[PDB]
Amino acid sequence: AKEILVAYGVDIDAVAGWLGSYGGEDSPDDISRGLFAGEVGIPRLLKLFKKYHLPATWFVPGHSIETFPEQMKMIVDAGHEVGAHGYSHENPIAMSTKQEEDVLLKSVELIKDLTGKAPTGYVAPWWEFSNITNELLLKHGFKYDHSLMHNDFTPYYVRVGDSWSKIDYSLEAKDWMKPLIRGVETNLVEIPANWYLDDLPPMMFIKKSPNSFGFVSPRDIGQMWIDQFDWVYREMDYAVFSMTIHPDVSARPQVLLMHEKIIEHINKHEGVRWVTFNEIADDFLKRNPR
C-alpha cells in the first residue's frame, strides 16, 4: 500500500515574470518571450496533459489572466485548478503590506470571476514571503502554499512567527550568537517548493541576472527529476512529488520531450496517483489534522 501523490504545478509567468522578476521590463525582446509563454506555451502544455489524461494546477498571475483571456478559457474548460501567483509577479518582499494585500485581493477576484470559485492555493512570485502566512489565512480561501522549503516530499503546517538573530560585525559576538526560535504552527498547509524540481532556473536564459543559467540540458535535468522520484518511491510509502513548471520553458519542444520521458517513467510505478494541489491539501488535512 504505497500512495505517491504526484502533480504538475504550472506557474504562468509569461509577461508578468519579465515585469516583476526577470529584468525584462524595458526589453521588447524579453516581453516577446512572455507573449510566447501565454499564447503558444499554454496550449502546448494543455496538449501534453490531455495526451496523458493528467490533471494539473495553474498558478496564474493576474496580469497573465487579463493578458491571455483566450488561453485562460482553455484552462478552465479543461477542469484544471487555478491558484494565485501575484498580478505582475512582484516579489512579495519588495512590497508594503498594503501593496501586497491589494495584489492578493485583486488576484482573488480575478480568479473568482474566471472560475466561479475563489482560489484555495498560492505560490509566491520567485518564492518569497514576509508575512504572507498571515494574509493567505486572513485573505480567506487560501488553504495551502507552495513557496516554502522546510521539507521535501511531505506536506506540513506552516509556523508563523519564527525568529533569528542576524550577524552584526559592529557588535560583539554574544550579541548575535543565538539560535533560531521557532514560532507557532498555523493552519496554512504547505506543499513545498523545490529548486531541484523547478524547470526555470536551469533552463531559461535571463540576460540581466548574473546568476543566469539556461543552457543546462533537458536530459541532465530530466534524469535528476527521475532520480528524485526513484529514491522517494523506494524510501517512502506516502509522499507527494510535485513539479514546478512554466510554459515559458516547459512548452519548448526539447523539454516537452523531457516531460514525456518523466511522465512515462512515473506511470510505470504502482501506487502513483496524479492529482491537483488542492487534492493534495484536502488529503493531507484528513491524513493528519490539527
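For every residue, the number given is its place in the sequence shown, counted from 1.
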Between 177-185 and 112-120, which has the higher average C-alpha B-factor in the PDB entry? 112-120
Identify the stretch, either 7-15 or 273-281, whose C-alpha atoms have the larger mean B-factor according to the entry. 273-281
Looking at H63, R252, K51, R33, which has the biggest Cα B factor in the entry? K51
Out of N131, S107, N151, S147, highest CA B-factor residue: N131
Please say which third, lowest, middle or highest, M74 falls into when its CA temperature factor is compared across its chain. highest
If you rank the chain by CA B-factor, which third does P125 end up in: lowest, middle or highest? middle
Taking the values exactly as deposited, rank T97 by C-alpha B-factor within its chain and report the matching third: lowest, middle or highest. highest
C-alpha B factor of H80, ranked within the chain: lowest, middle or highest third? lowest
Tell me, lowest, middle or highest third: where does the Cα B factor of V160 rank within its chain? middle
